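A.B. asks: Data file run28.cif (mmCIF, C-alpha atoms) is appended below.
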data_input
loop_
_atom_site.label_atom_id
_atom_site.label_comp_id
_atom_site.auth_asym_id
_atom_site.auth_seq_id
_atom_site.Cartn_x
_atom_site.Cartn_y
_atom_site.Cartn_z
CA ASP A 1 0.00 0.00 0.00
CA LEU A 2 0.94 3.63 -0.73
CA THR A 3 2.02 5.35 2.42
CA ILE A 4 4.60 7.90 3.42
CA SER A 5 6.73 5.02 4.51
CA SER A 6 6.63 3.20 1.15
CA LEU A 7 7.44 6.45 -0.61
CA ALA A 8 10.47 6.88 1.70
CA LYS A 9 11.79 3.40 0.85
CA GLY A 10 10.72 3.02 -2.79
CA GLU A 11 13.46 2.67 -5.33
CA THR A 12 12.20 5.48 -7.48
CA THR A 13 10.73 7.68 -4.77
CA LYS A 14 13.27 7.56 -1.95
CA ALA A 15 15.61 10.19 -3.24
CA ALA A 16 12.71 12.58 -3.81
CA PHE A 17 11.46 11.85 -0.30
CA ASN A 18 14.94 12.42 1.20
CA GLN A 19 15.16 15.73 -0.67
CA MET A 20 11.71 16.77 0.69
CA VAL A 21 12.87 16.21 4.28
CA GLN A 22 16.39 17.43 3.69
CA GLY A 23 17.41 19.94 6.34
CA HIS A 24 14.20 19.42 8.35
CA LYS A 25 15.31 16.90 11.08
CA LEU A 26 12.05 14.91 11.27
CA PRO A 27 11.40 12.05 13.74
CA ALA A 28 12.26 8.47 12.84
CA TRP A 29 8.68 7.39 12.84
CA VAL A 30 7.94 9.26 9.66
CA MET A 31 10.18 7.01 7.56
CA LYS A 32 8.82 3.95 9.47
CA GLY A 33 5.39 5.30 8.40
CA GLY A 34 3.72 3.09 10.98
CA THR A 35 0.34 4.57 11.85
CA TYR A 36 -1.07 5.96 8.66
CA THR A 37 -4.32 6.94 7.07
CA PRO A 38 -5.17 5.51 3.66
CA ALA A 39 -4.18 7.58 0.68
CA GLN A 40 -6.91 9.75 -0.75
CA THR A 41 -7.03 11.18 -4.26
CA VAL A 42 -7.31 15.04 -4.55
CA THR A 43 -7.42 17.33 -7.64
CA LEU A 44 -5.99 20.90 -7.57
CA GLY A 45 -6.52 22.93 -10.75
CA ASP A 46 -5.68 20.42 -13.42
CA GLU A 47 -3.40 18.01 -11.55
CA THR A 48 -4.19 15.03 -9.33
CA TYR A 49 -2.35 13.83 -6.25
CA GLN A 50 -2.45 11.01 -3.70
CA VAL A 51 -2.59 12.69 -0.31
CA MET A 52 -1.36 10.62 2.60
CA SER A 53 -0.83 11.15 6.24
CA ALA A 54 0.73 9.47 9.20
CA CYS A 55 1.27 10.14 12.86
CA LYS A 56 3.44 9.14 15.83
CA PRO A 57 2.37 5.68 17.12
CA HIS A 58 0.79 6.07 20.59
CA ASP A 59 0.91 9.83 20.49
CA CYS A 60 -0.88 10.38 17.23
CA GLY A 61 -2.50 13.62 18.12
CA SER A 62 0.85 15.19 19.04
CA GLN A 63 3.04 14.68 15.99
CA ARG A 64 1.71 14.07 12.46
CA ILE A 65 2.63 14.54 8.83
CA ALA A 66 0.89 14.87 5.49
CA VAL A 67 2.34 14.39 1.99
CA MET A 68 0.86 15.11 -1.44
CA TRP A 69 2.41 12.98 -4.24
CA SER A 70 1.53 12.99 -7.97
CA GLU A 71 1.72 9.37 -9.23
CA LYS A 72 2.09 10.88 -12.73
CA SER A 73 5.02 13.31 -12.21
CA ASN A 74 6.48 11.69 -9.08
CA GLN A 75 6.48 15.24 -7.51
CA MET A 76 5.74 15.53 -3.72
CA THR A 77 5.06 18.26 -1.11
CA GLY A 78 4.46 17.86 2.62
CA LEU A 79 3.57 19.29 5.99
CA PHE A 80 4.78 18.31 9.48
CA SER A 81 2.93 19.35 12.68
CA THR A 82 3.97 19.10 16.35
CA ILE A 83 1.71 20.17 19.20
CA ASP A 84 3.47 21.62 22.24
CA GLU A 85 2.57 19.81 25.42
CA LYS A 86 3.03 23.03 27.38
CA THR A 87 0.93 25.49 25.29
CA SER A 88 -1.03 23.37 22.88
CA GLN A 89 0.42 25.68 20.27
CA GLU A 90 0.83 23.88 16.94
CA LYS A 91 4.09 24.33 14.99
CA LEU A 92 3.88 23.60 11.21
CA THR A 93 6.86 22.90 8.96
CA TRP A 94 6.17 23.13 5.24
CA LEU A 95 8.14 20.57 3.15
CA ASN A 96 8.29 22.57 -0.13
CA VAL A 97 11.85 22.65 -1.72
CA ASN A 98 10.07 23.50 -5.01
CA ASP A 99 8.01 26.55 -3.97
CA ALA A 100 5.23 24.90 -6.01
CA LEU A 101 2.64 24.72 -3.29
CA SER A 102 -0.48 26.85 -3.59
CA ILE A 103 -2.87 28.19 -0.97
CA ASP A 104 -5.25 25.24 -1.75
CA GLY A 105 -2.43 22.78 -1.60
CA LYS A 106 -1.60 24.10 1.93
CA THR A 107 -5.22 23.67 2.94
CA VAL A 108 -5.44 20.12 1.53
CA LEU A 109 -2.25 19.08 3.45
CA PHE A 110 -3.64 20.55 6.62
CA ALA A 111 -6.98 18.75 6.08
CA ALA A 112 -5.07 15.55 5.60
CA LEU A 113 -3.01 15.65 8.75
CA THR A 114 -5.94 16.93 10.88
CA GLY A 115 -8.27 14.17 9.63
CA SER A 116 -10.86 16.12 7.65
CA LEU A 117 -9.73 14.67 4.37
CA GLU A 118 -10.42 11.12 5.64
CA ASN A 119 -13.82 12.16 6.95
CA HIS A 120 -14.72 13.86 3.66
CA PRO A 121 -12.77 11.97 0.93
CA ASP A 122 -14.23 13.92 -1.95
CA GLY A 123 -14.65 17.26 -0.21
CA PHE A 124 -11.32 18.75 -1.09
CA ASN A 125 -11.30 18.69 -4.81
CA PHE A 126 -10.62 22.18 -6.29
CA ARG A 127 -10.64 21.57 -10.03
CA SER A 128 -9.98 23.95 -12.85
CA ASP B 1 -19.77 45.04 8.08
CA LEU B 2 -19.04 41.90 10.14
CA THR B 3 -15.35 41.59 10.77
CA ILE B 4 -13.13 40.47 13.60
CA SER B 5 -12.78 44.08 14.49
CA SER B 6 -16.52 44.77 14.79
CA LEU B 7 -16.90 41.64 16.89
CA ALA B 8 -14.12 42.93 19.20
CA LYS B 9 -15.89 46.28 19.69
CA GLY B 10 -19.57 45.26 19.56
CA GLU B 11 -21.59 45.81 22.68
CA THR B 12 -22.82 42.27 22.85
CA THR B 13 -19.78 40.53 21.37
CA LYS B 14 -16.82 42.29 22.94
CA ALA B 15 -16.71 40.38 26.17
CA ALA B 16 -16.89 37.07 24.29
CA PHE B 17 -14.10 38.26 22.00
CA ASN B 18 -11.95 39.36 24.98
CA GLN B 19 -12.51 35.94 26.58
CA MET B 20 -11.46 34.20 23.32
CA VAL B 21 -8.14 36.09 23.29
CA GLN B 22 -7.69 36.04 27.04
CA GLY B 23 -4.21 34.86 27.96
CA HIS B 24 -3.05 34.77 24.32
CA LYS B 25 -1.21 38.17 23.94
CA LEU B 26 -2.26 38.89 20.32
CA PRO B 27 -1.06 41.91 18.29
CA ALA B 28 -2.99 45.17 18.34
CA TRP B 29 -3.94 44.90 14.74
CA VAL B 30 -6.36 42.10 15.41
CA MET B 31 -8.71 44.32 17.42
CA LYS B 32 -8.22 47.12 14.81
CA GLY B 33 -9.30 44.44 12.30
CA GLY B 34 -7.95 46.55 9.47
CA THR B 35 -7.18 44.30 6.51
CA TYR B 36 -9.88 41.69 6.44
CA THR B 37 -11.54 39.25 4.12
CA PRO B 38 -15.33 39.32 3.85
CA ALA B 39 -17.21 36.98 6.11
CA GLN B 40 -18.23 33.70 4.57
CA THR B 41 -21.00 31.41 5.77
CA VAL B 42 -19.99 27.77 6.65
CA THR B 43 -22.07 24.83 7.98
CA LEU B 44 -20.55 22.14 10.27
CA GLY B 45 -22.87 19.26 11.17
CA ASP B 46 -26.07 21.08 11.97
CA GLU B 47 -24.80 24.53 12.93
CA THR B 48 -23.90 27.55 10.80
CA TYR B 49 -21.17 30.10 11.35
CA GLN B 50 -19.79 33.30 9.82
CA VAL B 51 -16.11 32.66 9.24
CA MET B 52 -13.93 35.74 9.05
CA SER B 53 -10.29 36.45 8.72
CA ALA B 54 -7.88 39.31 8.92
CA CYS B 55 -4.18 39.89 8.63
CA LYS B 56 -1.42 42.35 9.58
CA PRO B 57 -1.60 45.44 7.31
CA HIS B 58 1.49 45.50 5.03
CA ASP B 59 2.71 42.14 6.19
CA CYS B 60 -0.40 40.13 5.55
CA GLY B 61 1.27 36.91 4.71
CA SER B 62 3.21 36.90 7.99
CA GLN B 63 0.57 37.28 10.69
CA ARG B 64 -3.12 36.41 10.22
CA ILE B 65 -6.17 35.30 12.16
CA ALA B 66 -9.43 33.49 11.53
CA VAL B 67 -12.59 33.47 13.66
CA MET B 68 -15.75 31.37 13.40
CA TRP B 69 -18.83 33.05 14.98
CA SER B 70 -22.42 31.72 15.17
CA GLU B 71 -24.79 34.69 14.68
CA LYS B 72 -27.45 32.50 16.36
CA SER B 73 -25.66 31.47 19.60
CA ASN B 74 -23.09 34.29 19.68
CA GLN B 75 -20.41 31.52 20.23
CA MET B 76 -16.92 32.05 18.62
CA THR B 77 -13.69 30.08 18.06
CA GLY B 78 -10.47 31.25 16.41
CA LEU B 79 -7.01 30.59 15.08
CA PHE B 80 -3.92 32.84 15.01
CA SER B 81 -0.91 32.14 12.74
CA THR B 82 2.57 33.74 12.66
CA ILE B 83 5.21 32.77 10.11
CA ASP B 84 8.80 32.90 11.33
CA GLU B 85 10.97 35.09 9.16
CA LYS B 86 13.97 32.90 9.95
CA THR B 87 12.54 29.39 9.23
CA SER B 88 9.27 29.97 7.48
CA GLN B 89 7.88 27.67 10.14
CA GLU B 90 4.26 28.52 10.91
CA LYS B 91 3.13 28.71 14.57
CA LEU B 92 -0.64 28.25 15.17
CA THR B 93 -2.48 29.29 18.33
CA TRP B 94 -5.95 27.83 18.73
CA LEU B 95 -8.44 30.23 20.41
CA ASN B 96 -10.77 27.59 21.96
CA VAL B 97 -11.63 28.30 25.70
CA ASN B 98 -14.68 26.03 25.15
CA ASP B 99 -13.00 22.87 23.81
CA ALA B 100 -15.91 22.84 21.33
CA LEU B 101 -13.86 22.84 18.16
CA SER B 102 -13.92 19.78 15.95
CA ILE B 103 -11.42 18.47 13.40
CA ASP B 104 -13.55 20.08 10.60
CA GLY B 105 -13.80 23.31 12.50
CA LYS B 106 -9.94 23.37 12.69
CA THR B 107 -9.75 22.79 8.96
CA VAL B 108 -12.31 25.52 8.16
CA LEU B 109 -10.38 28.07 10.32
CA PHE B 110 -7.16 27.15 8.59
CA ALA B 111 -8.83 27.46 5.16
CA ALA B 112 -10.06 30.86 6.17
CA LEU B 113 -6.78 32.34 7.27
CA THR B 114 -4.85 30.77 4.35
CA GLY B 115 -7.33 32.11 1.77
CA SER B 116 -8.91 28.92 0.43
CA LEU B 117 -12.25 29.71 1.95
CA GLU B 118 -12.42 33.01 0.00
CA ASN B 119 -11.40 31.26 -3.20
CA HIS B 120 -14.01 28.53 -2.70
CA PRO B 121 -16.86 30.15 -0.69
CA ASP B 122 -19.09 27.10 -0.75
CA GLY B 123 -16.41 24.44 -0.69
CA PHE B 124 -16.16 24.00 3.04
CA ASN B 125 -19.62 23.04 4.02
CA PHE B 126 -19.68 19.75 6.00
CA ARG B 127 -23.34 19.26 6.81
CA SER B 128 -25.02 16.58 8.81
#
Using the file provided, produce a representation of the structure as structure tokens.
C.D. replies:
Amino acid sequence: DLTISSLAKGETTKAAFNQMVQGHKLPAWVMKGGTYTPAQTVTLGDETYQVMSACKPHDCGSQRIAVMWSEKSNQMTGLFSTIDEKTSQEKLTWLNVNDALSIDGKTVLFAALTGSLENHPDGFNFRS
Amino acid sequence: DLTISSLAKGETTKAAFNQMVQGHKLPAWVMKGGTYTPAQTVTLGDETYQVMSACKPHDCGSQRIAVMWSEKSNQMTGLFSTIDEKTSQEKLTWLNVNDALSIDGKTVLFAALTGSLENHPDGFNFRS
């Protein structure tokens, strides 16, 4: 199955995944892609992506990640979120490296890691 | 017009607004609600809200806020975002005080302050 973890280990996707996280110092669990939500298909403008998410096993609500990957162009963008135990403040790290992400793409990644995308599989299609 | 600023000054909304921001030390511009996006109507489950947003004049992309207010119950929830000049990391502060916010409500507030809600006015209705 297509998960953040299989993308991180895949022969033809691993270097792209390593570039996406390059310089971001993300937790080991992301690559282990243990607890994950099934990939959903989302369309932005005139391109389609598989949007996936995953979170820290046994502390899922505290650390989570979302990735948007185009099976056609092999291109991927992501978002990492950590919630501070002390303030409940949420710190987001955008995994861009391409500067290709749009406002809707940011929203779709946030919907994925929060859980709205799973709850409304076809509610985040913004076609052109 | 209905804006975060009019809610902050309104006779019957100001105490609720002051409670929402209580203990959060937000910038002065929020109450001045200068640069704002028109209110949009959004339905979550079986309740409707006016979702509004605003941002820091002349540095709009750096500091922004979204608020969801029910004209019927006078209840409001919000989200403040600041983007670090140094890392581009985005820090979110949830204005809850009621613990009433759902996963979809978090998504709708994020869509509002990012701009997706304005670009897709009726694309964030999650009715029950």
A.B. asks: With all atoms listed in the file as the basis for distance, which of B:36, B:124, B:17, B:29 is at the shortest distance from residue 95 of chain B?
C.D. replies: B:17
A.B. asks: Selection in question (the file shown): the PyMOL selection byres ((chain A) within 6 of (chain B)). Which residues does it include, as an MDAnalysis selection string?
C.D. replies: chainID A and resid 89:93 104 107 111 116
A.B. asks: Those residues with C-alpha atoms, as a short mmCIF file (atom, residue, chain, number, x, y, z; two decimals), keeping the file's coordinate frame please?
C.D. replies:
data_model
loop_
_atom_site.label_atom_id
_atom_site.label_comp_id
_atom_site.auth_asym_id
_atom_site.auth_seq_id
_atom_site.Cartn_x
_atom_site.Cartn_y
_atom_site.Cartn_z
CA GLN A 89 0.42 25.68 20.27
CA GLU A 90 0.83 23.88 16.94
CA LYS A 91 4.09 24.33 14.99
CA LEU A 92 3.88 23.60 11.21
CA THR A 93 6.86 22.90 8.96
CA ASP A 104 -5.25 25.24 -1.75
CA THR A 107 -5.22 23.67 2.94
CA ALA A 111 -6.98 18.75 6.08
CA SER A 116 -10.86 16.12 7.65
#
A.B. asks: Interatomic distance between atom CA of residue 18 of chain A and atom CA of residue 75 of chain A?
C.D. replies: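 Atom CA of residue 75 of chain A lies at a distance of 12.5 Å from atom CA of residue 18 of chain A.
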A.B. asks: Step by step, work through what the PyMOL selection byres ((chain A and resi 40) around 6) selects in the shown file, and finish by giving those residues as a VMD selection string.
C.D. replies: chain A and resid 39 41 50 to 51
A.B. asks: Might you spell out which residues the PyMOL selection byres ((chain A and resi 66) around 7) would select in the displayed file, as a count of residues only?
C.D. replies: 12
A.B. asks: Can you measure atom CA of residue 35 of chain B to atom CA of residue 101 of chain B for me? One decimal in Å is fine.
C.D. replies: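 One can read the atom CA of residue 35 of chain B to atom CA of residue 101 of chain B distance as 25.3 Å.
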A.B. asks: State, in Å with one decimal place, the distance from atom CA of residue 43 of chain A to atom CA of residue 56 of chain A.
C.D. replies: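 About the pair atom CA of residue 43 of chain A and atom CA of residue 56 of chain A: they are 27.1 Å apart.
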